[PDB]
Structure formats: C-alpha cells, structure tokens
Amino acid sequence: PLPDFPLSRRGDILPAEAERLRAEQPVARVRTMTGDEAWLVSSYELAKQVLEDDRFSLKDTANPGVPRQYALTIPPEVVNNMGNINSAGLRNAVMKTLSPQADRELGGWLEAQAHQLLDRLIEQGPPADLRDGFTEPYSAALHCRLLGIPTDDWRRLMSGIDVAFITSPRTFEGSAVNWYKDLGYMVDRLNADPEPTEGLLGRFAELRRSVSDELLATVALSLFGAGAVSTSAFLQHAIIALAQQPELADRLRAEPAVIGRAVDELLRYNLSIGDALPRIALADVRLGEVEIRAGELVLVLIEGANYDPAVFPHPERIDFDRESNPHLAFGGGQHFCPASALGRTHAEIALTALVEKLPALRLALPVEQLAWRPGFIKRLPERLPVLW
C-alpha cells in the first residue's frame, strides 16, 4: 500500500506521518491526489540536496503529461515565472520591486497598515478573526503597493487567490476563467490613461517605452497571488504560535530587537506550505537509497526537513535562541524565494505591532477546533478567532 500525499490540513502540529516518513523512508514512493506516483523527500539532507541539484527541474513540472501532485491551474509558463522574467529583461524591474530597501518608506507604511487594522479590531472589541481582520488585508495592501495599484479591490483579488491556489485531482473549468479574469484586471491597471507610475507596473510602463502586455500582466498577477497567499498564510501560523505560547509574546515585548531571529525561527516552524516543492528528474539520480528515474516526480517535504532532529535539536519546540537556523522555509538552490527579505519584513512588522496592541492575545477556543482549509496549496485556518 502506497502512502497518500498530501499529509494533513491540520497546521498547528507537525503531521505524525511526516516524522514517520523521515525516520523510516526519507525518500518514499507516495500516491498523490491525482493518482500519479512521486518520490517524497523528507529528511533535511536529502531535501537540501534535491533543491541544490539542478537535474531536478521546477520548470518541467508544468509540462504536458508529466506526473503531477495536483492539476495545473495556471498556464505552464507561469510555473517558470522566474525563467521568463530573466530572459525578457524583466529581472531588474522585478528584483528592484522585491527589495524592502528600494522602498525606503515601506517599513513605516506597513507599520501604519498593521496599526490601522489592529486599532479597528480594538474599537469593536474581542473576539475577532485575525485572518479577515488582519493578515488578509495586510498582505493584500502590501502586494497592492508592490504592483503600484490601489487597494480598493483587495477583497476581489484575494478571492481570486481562493480559486487560483486550489489543489485539484483533475483540472476544473474556472481555474482558467479565474486566471484570465485577474489577468484582464492587471492589463487594465497597466494600460490606464494616466499610465501607472509606482511599483512593478510603473517600471513595466517605462520598460516598454525603451515583452507583451500579456507577459507583463502575467508577472504582476503571479507575483501578487504567490506573495499575498504565502505571506498571509505564514502570518496566520505565526499568530497561532504567539497565541498558543504567550511566553513568546512576552519575549518580543521585552526585547523587540529579537523580532528578526523570532520570525526566522517561526519560519522554520511554520506549516503553511500544504503541498511539497515539486521537481521532475532530468536524469537518473541516486538519492539516499533510492534510484530516481528520469521523468519521475520528486516532492520536497519542507516540514520534514525543517523538523529534522539531525539538524535542529528539539525541533518540535519553538526556540528563538538557536545557535544555527539553516531552515528551508524559503526553499533553496536556484529557486530559493526571491522575496525572502520582503516576507521577513512583512511578518516582522505585523507581529511587532500585534504583540504591542494585543498583549493578552489568545485563541477564542481550543486550537484543535480551528477549521483548517482543505484542498489548497497552503495550510491555513479558515477563521482565526482570538481574544485579548
């Protein structure tokens, strides 16, 4: 009997199966939700090895007829977003946009966004849902600023993410409708009469005065979607940790300069990644004790690696004072997250404002009664109800 993948939408503890997989068969043949077979890689050493070995290809996971962990929901070129951004002279604009340093006002602006959202929740009084009342609008605001578009339509745009990042056994009429829906939105913002001036779109506008609208809007849409969903989901998991372990919040209030280390450890700990990092083998590769064949699917289990005791002592305990923390929460090798610094900044600023404004933050009900979203690329609570 082949073990099933994915593992468990419960995101507040490591799935027992992840620990058993890493200890017993750190390169394991599993059945994905499509019915296809894959190798699931669950130890830190083998995970890191896959990500740093370019005979394991991310681009080719989107090719027709290769085994899949779930149905493609975007055009196969978009999975190669970073390849297309490089070959079209788009890297500079993208890289500059993904720099917390190129937006000298960004930090103070995110801080004000965080505080405005929390002041509203404080006005109404507890309980409140920190997903709809905080992480969702906060992440949407950030990526609206990244693109240079207003935040007016953030509810609609985050609703597009609710469809775009669905994990489905088979493709489903709508992923494409949903894609072209928000592609059209991005094309319109880019071709507006007072041509857009700030953000990614502004750089795009100048760029084509010296690449198609479709490609430009594709890069804007996929950056918005991937970034808003990944930051919002990570922040929710970080909040759950702070609510469940109030001594961590006491540490952050007493020693604000530790926010960088803290978020780095929360990143190691966090289970927001609800699928694995996929690669197609371009060649036969011996990995651990398994001979992987050219053309087979490889799945890197980030939470397997980030909780591996060979690398992280007491991996199951959050620890803001680890000597070393070489976690894989942002991936590694060629496709290491190009927005890691922004992801860190986004979460550091939100949690700093959170522990200051809601010092008695706690969950409104037992953590085991949170509703964890099914069938989605991210693990997240549908609602995050808290008291303070």
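Throughout, we count residues from 1 along the sequence that is shown.
Across the other entries compared, at least a third leave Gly83 without coordinates even though the residues on each side are present.
The stretch of deposited sequence separating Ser210 from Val211 contains 4 to 9 residues lacking coordinates in this entry.
Per-stretch averaging of Cα B factors for 262-270 and 97-105 places 97-105 on top. For the pair 185-193 and 75-83, the record assigns the higher mean C-alpha temperature factor to 75-83.
Within the listed group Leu299, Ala114, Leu282, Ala140, the record reports its top CA B-factor for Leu282. Per the deposited coordinates, the residue with the largest Cα temperature factor out of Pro246, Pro309, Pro150, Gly304 is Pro150. Ranked against the other modelled residues of its chain, the C-alpha B-factor of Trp154 as given in the entry falls in the middle third. Ranked within its chain, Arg145 lands in the middle third, by CA B factor from the PDB record. Remark: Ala350 belongs to the lowest third of its chain, ranked by C-alpha B-factor as recorded. Placement of the Cα temperature factor of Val367 within the chain: lowest third of the modelled residues, per the deposited record. Among the modelled residues of the chain, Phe165 sits in the lowest third by CA temperature factor in this PDB entry.
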